[PDB]
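What follows is a short report on a single structure.
FYI the Cβ positions are ideal-geometry reconstructions off the backbone, even for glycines, and counts take in every protein chain you see. All of the numbers you see were taken from the coordinates with simple rules; none came from a lab.
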Amino acid sequence: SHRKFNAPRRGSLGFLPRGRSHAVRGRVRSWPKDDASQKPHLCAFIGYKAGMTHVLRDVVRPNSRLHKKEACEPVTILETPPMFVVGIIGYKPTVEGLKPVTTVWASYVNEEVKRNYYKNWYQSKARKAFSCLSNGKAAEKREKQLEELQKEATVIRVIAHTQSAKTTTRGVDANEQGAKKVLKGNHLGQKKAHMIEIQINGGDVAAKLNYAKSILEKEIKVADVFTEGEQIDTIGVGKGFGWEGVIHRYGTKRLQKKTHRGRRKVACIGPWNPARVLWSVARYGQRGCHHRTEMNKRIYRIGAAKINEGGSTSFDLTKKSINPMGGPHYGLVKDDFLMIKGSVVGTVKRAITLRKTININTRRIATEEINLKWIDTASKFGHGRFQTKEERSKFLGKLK
Amino acid sequence: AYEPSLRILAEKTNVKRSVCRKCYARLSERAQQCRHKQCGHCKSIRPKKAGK
Amino acid sequence: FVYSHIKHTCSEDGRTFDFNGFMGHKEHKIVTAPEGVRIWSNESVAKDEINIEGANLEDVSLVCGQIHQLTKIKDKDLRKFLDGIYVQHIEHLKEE
Amino acid sequence: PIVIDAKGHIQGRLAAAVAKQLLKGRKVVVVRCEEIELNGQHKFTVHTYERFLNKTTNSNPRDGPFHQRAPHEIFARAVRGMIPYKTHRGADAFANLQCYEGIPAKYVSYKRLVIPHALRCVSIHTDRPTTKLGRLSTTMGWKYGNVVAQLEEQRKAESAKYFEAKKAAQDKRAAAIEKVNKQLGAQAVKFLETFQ
RNA sequence: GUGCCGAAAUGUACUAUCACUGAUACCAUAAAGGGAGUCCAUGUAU
RNA sequence: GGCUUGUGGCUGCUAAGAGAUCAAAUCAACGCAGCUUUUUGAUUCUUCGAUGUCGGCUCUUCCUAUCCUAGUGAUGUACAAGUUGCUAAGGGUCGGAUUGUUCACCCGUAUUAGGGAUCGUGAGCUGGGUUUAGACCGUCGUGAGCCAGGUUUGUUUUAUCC
RNA sequence: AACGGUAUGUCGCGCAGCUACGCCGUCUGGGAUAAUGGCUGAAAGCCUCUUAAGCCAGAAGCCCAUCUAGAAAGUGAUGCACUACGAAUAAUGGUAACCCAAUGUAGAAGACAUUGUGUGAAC
């Protein structure tokens, strides 16, 4: 043909434009269609990406070559602290789209939520936001608005934010009433909370306003949203790399070595007519920091965090904590966690929003037996010889 | 063995039909025209052949 | 059911109908009727047979045509491999 | 400010009437843009729109003609062709238009005119097929077609309760007007009704 | 030339037409050859 | 590049027979009517105060007159492998030996189509070929010199403007 | 000697970082069509997928579902701040932001993100 040879297209056309996303967390596009009936049951939940190990699973697949054999599998580990419900929204259906019918708020609001409505907290003397404390306006107002949500709004979503949690300053010894208290940050830094909104897929609408009002001003944990064996979609922003050449960005073949003005380029931008560069053509620009979803990530185990028996499995009868000895770029993980199979989008420290998958697998890998023999807790700097500190003294008890 | 009587049901639909010789398309065994617009409802039709 | 040698299994309660093992394939083919048109079989007296009946001729005879088109074999000559579910009679339910 | 119940009408026939009276310098809402109905079978109307989807700018789609799938901006595009919209007089005139799928809560109160020579009875023959704009849009991907029908039901219930009250007013008005005919006279009643 | 863009009858009277189709000289292309599509129609037989 | 389509390519109408028998499963003469601008001609409208001329390398998009994949009908369709018609251009269509090659031709594999975009693409490359000045051979010419006859050495500039 | 310079030193091993020759995901059902196959059924007392009305089944194709960007589509929720039926048409001042100071979850410059009395930075 005219091309002179046939070879697939370089790079996907559906993930344009390849530019930066300014979202700090995974913005959810579309929630699963409500089954209707059943129970409302929350869907999405935020977890921070803590790090990564591998695990030695023992496999049970009938009619395959790995029947009753061991299989090493990489595992990301998202830390998930239990997050706090605050608000509640309706959404009326209209000809234009879904449009909102007012948010109700809780009785008080924690000052982690007040951070969101300032860029300069440290300057602010008044710090007056959410002054819904006045008794006459707030109490009367909610029962008016909660009536309007029964009338109009079909879809109902629950506003909720991450617990930054509280502490005592420096050398004051903690657990004492005279001491002034203050917000501890995350493993990142931040005290300002990640507010989301979470669709409740429970039938009747009216039924939802029992559940979403029962859940209001109470912390949610992970164990009553997801369950072990669930396929989960991980939504987040990927890993920023700045500007990039045409060769590395789109994965093209670089030119001959003999080229004047260098070879790290696509040679023909285009033909004479049309007299114009096309959108389709590969080109120099941003790489990474792209918002992405990824489908069908299994969760192997769910955590809790003095016994510290979470790291260890049924076998061995030795208790090992999940954090690898020495902790890189993160923190210990003294919270609920999720051993997700394989990769998850974004760097360490990033807020990933999890989500239940939109439609169901029929693949047998989806409904497999999980059974972990044994997990790595060696250090990542760089080659790790000892799984635990306990091993150390026994292996080399006398030092200096 | 097939059952002798029960050929006559199956051979009505499959075997005993007429066919165009431009469309190649299936028709009822007594038929003058071709239903399809392409080929201009060509009016030439043969019976379907008896291979063994 | 017109066949030779591989035998055809069926399953029905009232409004619906199922396939297995036609021309040797394990896959199940299922047909759903409209409302007010009863599919039923009984293998004592009828033996390798299905009964469709109902009020409206448009909805009844649709289903008998719709059942027929599930059984069509491809990449094989239908003159030799003649096999399926063919319409035998077109009688009344209770002739008075 | 006119309002037009555009159920029953033809797309181009209404648009030719509407686009002329925009240029005369008059504000004109139309409503029920989805129940405007084109000539042709459903097959034929879809194939016309599938040709329109192909028409994109090759260098890049973003500068390409936009393909509005909602009935209220399919009709607005058909009117925009018939006005000199690039000029200042046309752009002022085109801003005065309004289309709505389902008559909204603003314009329920207004009296709704129906321009008679653009009706599909008068312009198409009998025994030739026609399709709605809503039917076509849903096929072409409009996702709010289902939502509009729900809204119509709620409205047309409330429009029925208006008329049952409005009967009761006008019936006792006629019984009141029965009395006043005797008070004026026998010959005065003739002058009002017949004109002498 | 007279639906609207576009100034001027979607004029009156009378016949044809369903086709992802047709639409005004020079002019911006289409033929040989087919059709129980529809309307009009010539000669015969029953 | 344009107009034109002889030539090249592709397709109808008709059948005189091949096809055991039998014109129309599949081929198709002698004829007749078209389409195409992917061949080469014909012409001289544009460009001689210059649109950088062949092939390969690299990347994009488009057309269908479809080889494969999706779905269907015919048969000289038992099975399998085939021959053939229709809808379909979303995806796929390749590693090498010699040759400057386009093309061709062999070895090998996952079964295997052909085209367009200034014969896409030189301020993107390369410069093997073609086409200067050096030089050699062969035929021709008294000679200077000549030769779609062969061979070898031979400079590929500029973006910072819209 | 120790500990260093110079030959942009040579060889050996080498966290971090990036990277592939490594590792994980690519699930999944609609709607209307193109060819074509059917049902009922006239025209044509028979017969016909419609060459008529009506109905069904139907492509890796087209449009949805999913995923990427997104209100100069100059929009919206929440916090603070200054004049009328309906249906058919072979019918009824003081806040606030930004500078500035770090940091990195990131970066050519801008921007984005986080903190700014707190183990934030330096040790």
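Of everything listed in (1) closer than 30 Å to A:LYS151 by Cα; (2) loosely packed, with under 14 Cβ neighbours inside 10 Å; (3) among the charged types (D, E, K, R), the single unmet condition for A:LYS213 is (2). Assess whether A:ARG61 counts as being outside any strand (DSSP E or B) and touching a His at 6+ places or on another chain (Cβ under 8 Å). Considered against the rule, which asks whether it is outside any strand (DSSP E or B) and touching a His at 6+ places or on another chain (Cβ under 8 Å), A:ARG61 comes out as yes.
Within the range B:33-52, the residues that satisfy the criterion of being within 22 Å of B:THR13 (Cα to Cα) and either within 7 Å of RNA strand F (Cβ to nearest atom) or of a type in the set (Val, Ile, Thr) (or both) are B:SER44, B:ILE45, B:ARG46, B:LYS48, B:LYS49, B:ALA50, B:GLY51, B:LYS52. In this structure, is C:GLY54 touching a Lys or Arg at 6+ places or on another chain (Cβ under 8 Å) and either within 14 Å of chain B (Cβ to nearest Cβ) or within 29 Å of B:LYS49 (Cα to Cα) (or both)? It is false that C:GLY54 is touching a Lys or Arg at 6+ places or on another chain (Cβ under 8 Å) and either within 14 Å of chain B (Cβ to nearest Cβ) or within 29 Å of B:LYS49 (Cα to Cα) (or both). Of the residues making up the range A:49-64, at least one is more than 14 Å from every other protein chain (Cβ to nearest Cβ), acidic (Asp, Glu) and more than 24 Å from the chain's Cα centre (by Cα). Selection over the range C:25-60 of residues that are of a type outside the set (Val, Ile, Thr) and surrounded by fewer than 13 Cβ atoms within 10 Å (Cβ to Cβ) gives a count of 17. Scanning the range D:4-24 turns up one or more residues that are of a type in the set (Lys, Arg) and more than 14 Å from RNA strand G (Cβ to nearest atom). Per the listing A:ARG355, A:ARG363, the residue uniquely part of a strand (DSSP E or B) and near RNA strand G (Cβ under 9 Å from one of its atoms) is A:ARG355.
List the residue pairs whose Cβ atoms are under 8 Å apart, where the first residue sits in the range A:1-18 and is within 14 Å of chain D (Cβ to nearest Cβ) and closer than 24 Å to D:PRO61 by Cα, the second is part of a loop (DSSP other than H, G, I, E, B) and more than 6 Å from RNA strand F (Cβ to nearest atom), and the two are 6 or more positions apart or on different chains. Final answer for the pair search is A:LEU16/A:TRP279. Taking the listed residues A:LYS265, A:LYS356, the one that is more than 28 Å from A:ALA71 (Cβ to Cβ) and surrounded by 13 or more Cβ atoms within 10 Å (Cβ to Cβ) is A:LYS265, with no other qualifying.
List pairs: first in the range D:100-122 and on the phi > 0 side of the Ramachandran plot, second not in a helix (DSSP H, G or I), Cβ under 7 Å, 6+ apart or cross-chain? Pairs that qualify, where the first residue is on the phi > 0 side of the Ramachandran plot and the partner is not in a helix (DSSP H, G or I), are D:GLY102/A:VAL95; D:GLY102/D:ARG32. Among the residues of the range A:245-262, the ones that are more than 6 Å from RNA strand F (Cβ to nearest atom), closer than 17 Å to A:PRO8 by Cα and loosely packed, with under 12 Cβ neighbours inside 10 Å come to 1 in all. Within the range D:132-141, not a single residue is among the polar types (S, T, N, Q), away from chain A (no Cβ under 14 Å) and exposed (fewer than 10 other Cβ atoms within 10 Å of the Cβ). Scanning the range A:1-38 for residues that are closer than 21 Å to A:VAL246 by Cβ, surrounded by 14 or more Cβ atoms within 10 Å (Cβ to Cβ) and within 10 Å of RNA strand G (Cβ to nearest atom) turns up A:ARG18, A:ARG20. Search the range A:86-98 for residues being surrounded by fewer than 21 Cβ atoms within 10 Å (Cβ to Cβ) and in a strand (DSSP E or B), and hand back the single one that is farthest from the other protein chains (Cβ to nearest Cβ). Out of the qualifying residues, it is A:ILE89. Residues that are among the small types (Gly, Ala, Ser) and either within 16 Å of RNA strand G (Cβ to nearest atom) or under 19 Å from A:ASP336 (Cα atoms) (or both) number at least 2 in none of the strands (runs of 3 or more DSSP E) confined to the range A:180-297. Which residue pairs have Cβ atoms under 6 Å apart, sit 6 or more places apart or on different chains, and have a first residue in the range B:14-33 that is within 12 Å of chain C (Cβ to nearest Cβ) and a second that is assigned to a loop (DSSP other than H, G, I, E, B)? What qualifies is B:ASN14/C:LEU78; B:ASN14/C:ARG79; B:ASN14/C:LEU82; B:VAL15/C:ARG79; B:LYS16/B:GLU29; B:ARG17/B:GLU29; B:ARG17/B:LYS48; B:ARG26/B:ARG17. Out of all the residues in the range C:61-96, which are charged (D, E, K, R) and either surrounded by fewer than 14 Cβ atoms within 10 Å (Cβ to Cβ) or over 17 Å from C:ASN20 (Cα atoms) (or both)? Hits for the range C:61-96 are C:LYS72, C:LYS74, C:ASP75, C:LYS76, C:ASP77, C:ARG79, C:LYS80, C:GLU91, C:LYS94, C:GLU95, C:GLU96.
What number of residues in the range C:55-69 are near RNA strand G (Cβ under 6 Å from one of its atoms) and among the charged types (D, E, K, R)?
Total meeting the criteria: 1.
Can you find a residue that is among the aliphatic types (A, V, I, L, M), more than 15 Å from B:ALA10 (Cα to Cα) and within 14 Å of chain B (Cβ to nearest Cβ) anywhere in the range C:26-38? Scanning the range C:26-38, I find no residue that is among the aliphatic types (A, V, I, L, M), more than 15 Å from B:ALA10 (Cα to Cα) and within 14 Å of chain B (Cβ to nearest Cβ), so the answer is no. The set of residues from the range A:259-285 being in contact with a helix residue (DSSP H, G or I) (Cβ under 8 Å, 6 or more places away or on another chain), within 14 Å of chain D (Cβ to nearest Cβ) and among the charged types (D, E, K, R) comprises just one member, A:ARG283. Name the single residue, out of those in the range A:39-74 being among the small types (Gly, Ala, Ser) and exposed (fewer than 15 other Cβ atoms within 10 Å of the Cβ), that is nearest to A:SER314 (Cα to Cα). If we take residues in the range A:39-74 being among the small types (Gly, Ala, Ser) and exposed (fewer than 15 other Cβ atoms within 10 Å of the Cβ), then A:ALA71 is nearest to A:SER314 (Cα to Cα). Looking at the range C:41-64, is at least one residue touching a strand residue (DSSP E or B) at 6+ places or on another chain (Cβ under 8 Å) and closer than 15 Å to B:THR13 by Cα? Scanning the range C:41-64, I find at least one residue that is touching a strand residue (DSSP E or B) at 6+ places or on another chain (Cβ under 8 Å) and closer than 15 Å to B:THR13 by Cα, so the answer is yes.
Quick one: is A:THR313 of a type in the set (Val, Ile, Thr), in a loop (DSSP other than H, G, I, E, B) and farther than 30 Å from A:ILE196 by Cα?
Here the answer is yes, as A:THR313 does meet what is asked.
Of all helices (runs of 4 or more DSSP H) completely enclosed by the range D:29-115, which ones contain at least 1 residues that are surrounded by 18 or more Cβ atoms within 10 Å (Cβ to Cβ), more than 10 Å from RNA strand G (Cβ to nearest atom) and away from chain A (no Cβ under 14 Å)?
D:71-80, D:88-95
Residues being in a loop (DSSP other than H, G, I, E, B) and away from chain B (no Cβ under 13 Å) are entirely absent from the range C:80-88. Taken over the range D:103-158, residues that are of a type in the set (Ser, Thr, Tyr), over 17 Å from the mean Cα position of the chain (by Cα) and under 14 Å from A:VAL95 (Cβ atoms) amount to 2.
Looking only at residues of the range B:40-52 that are exposed (fewer than 13 other Cβ atoms within 10 Å of the Cβ) and over 15 Å from the mean Cα position of the chain (by Cα), we find that the one that is farthest from RNA strand G (Cβ to nearest atom) is B:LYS52.
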